[PDB]
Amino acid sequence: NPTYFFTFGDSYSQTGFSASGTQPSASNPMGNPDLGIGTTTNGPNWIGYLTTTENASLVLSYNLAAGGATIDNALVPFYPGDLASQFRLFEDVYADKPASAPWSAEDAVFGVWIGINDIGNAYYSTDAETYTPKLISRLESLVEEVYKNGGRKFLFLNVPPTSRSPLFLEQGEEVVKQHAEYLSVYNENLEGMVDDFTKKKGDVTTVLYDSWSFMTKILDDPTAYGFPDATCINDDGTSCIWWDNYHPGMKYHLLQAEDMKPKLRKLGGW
């Protein structure tokens, strides 16, 4: 009795899963590539950890996330594999519940972690209070497609403090601040959307995971988590919070997955 965990997102979530590659099974829950390959962490990422280390029962991971993704290239554009295209890939291969992924409302969990790149590319050129509702409304319409297919369990991660990644710190404290203020508005509107959707549907199970506060706790007191400081970079993924100037390493992703486990019990796999 597996949980079918379909995920959508950006480079904080990518593993390089191909819908034409080896498919998830009990003996191979990630499908492809091997657990620990394809990420921006030097090892497993939060999805790999949730699927294989923090799981309370069998979880099968179909990870559609792609580096460079924004919500929809008609709003903030980046790479062709935006979130809209990831939902299209889902619609093309898994939405009709094929024998290879025979999911149902009671055993499918749809996880979305998006907005890092939308905010990263729009925080200085748009007004947060009126532009972020357009981003969030487009996210909600994508979620509605999965709802129409029969999905009922949803996991949303808010945007973490990429304002304090080395890439942003180097642009100056006032840019860190402008980005952080915009991001806060986005995350508030995301929360409102998840709450409104949950109430309006009445038949869904949802979790909004506050990655922002979790990461912020570590950045504020890095040595309490085994990191020497909040700014160093090490591509080993474990010596520093940062694997490169914009992405956290496997040690951070493991701490996040361990933090998420109790909050995901209600979704069935944890």
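Throughout, we count residues from 1 along the sequence that is shown.
As the entry records it, the average C-alpha temperature factor is higher for 227-235, out of 30-38 and 227-235. For the two regions 74-82 and 168-176, the entry's Cα B-factors average higher over 168-176. Each of 127, 140, 118, 91 has a CA temperature factor in the record; the biggest one is found at 127. As recorded in the PDB entry, 101 shows the highest C-alpha B-factor of the residues 159, 135, 101, 109. Among all modelled residues in its chain, residue 96 ranks in the middle third by Cα B-factor. Annotation for residue 185: CA B-factor lies in the highest third of the chain's modelled residues. Among the modelled residues of its chain, residue 67 has a C-alpha B-factor that falls in the lowest third, as given in the PDB entry. Residue 155: CA B factor in the lowest third of modelled residues in this chain (values from the PDB entry). In the deposited entry, the Cα temperature factor of residue 11 places it in the middle third of its chain's modelled residues.
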